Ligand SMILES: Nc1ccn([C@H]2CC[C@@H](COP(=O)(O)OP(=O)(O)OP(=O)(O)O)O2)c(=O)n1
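Just one chain is shown here, as structure tokens, and it is the form deposited without the named molecule.
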């Protein structure tokens, strides 16, 4: 280009006056300056040459002049900041606050982490702890620490009851050098899809994990899923281990490996695996795999005793989790 940087700036400016301002006659103005400058066959070197062109006003020349000196524009910086549909996506980075809540805070004035902490009365318990450990929850968890966390969790589970099965899933299970959090899939032969719902099989693990000081906060304690906060034991060291997000999911025995498969995923891998079951005439859920007919009529859930059965069913060779990108 000769003037791309100017027209880019100008069009973005224009779309603000139509989207956000609904001041449509400044849209039309900014557009005019884009078209002419875009048709002007020389490289603009300052704002006054533009002001000549029958569409670049003083204020636009006033705008263009800034862009060619710094390499940026102050007007567009704060507009990119104050976007309602981008400030909503930063508030959702706090656990507990979905877009539902994120909408509820932004147009009421609160849109920043400082302003979130300027009005804690407007946010529930889950959201408050999420807001408190926010920076910690930003951090990655090195594999080293994941391996330690796994030790604690898996040792406590086995001690409680040999019949419990616990698998740490997610990118960790795919052998990733770092993780965002920990997600434990847990089952017990007393809990099946036909059986009567058994919240204490989950409760007992969570409580033991609190007893040994690994679990430090509860965000969400359900009947089949726990969401909370956890922390490695230190001794006493400058900035000890940061607080980590942990989830524990209790699944029915007969639906467990479908769960492990799903939660170990990779998103992309799960999609590709599901499309493929579908090509072979099977449907895969995080709970079951079933024959699928002609129409979307699904049949009876097939027996799964391992991740391997599911691969067998859809005619794939087993994939190591490490190879599930």
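Positions refer to the first chain, counted from 1.
One more form of this protein exists, namely the form deposited with the named molecule bound; it is left out here, but the text below deals with it.
Screening 67, 40, 30, 262 for any heavy atom within 4.5 Å of the named molecule in the entry with it bound leaves a single hit, 262. For the candidate set 111, 126, 174, 243, a heavy atom within 4.5 Å of the named molecule in the entry with it bound is found for exactly one residue, namely 174. A residue is said to contact a partner when one of its heavy atoms sits within 4.5 Å of a partner heavy atom; residue 170 meets this definition for the named molecule in the entry with it bound. Residue 272 falls outside the set of residues with a heavy atom inside 4.5 Å of the named molecule in the entry with it bound. Put simply, residue 179 is close to the named molecule in the entry with it bound: some heavy atom of it is within 4.5 Å. The shortest heavy atom separation between residue 183 and the named molecule in the entry with it bound is within 4.5 Å. In plain terms, the part of the chain that comes close to the named molecule in the entry with it bound, with a heavy atom within 4.5 Å, is 262 to 270 out of 22 to 30, 41 to 49, 287 to 295, 262 to 270.
Residues of 64 to 95 that come within 4.5 Å of the named molecule in the entry with it bound, judged by any heavy atom, do not exist; none qualify.
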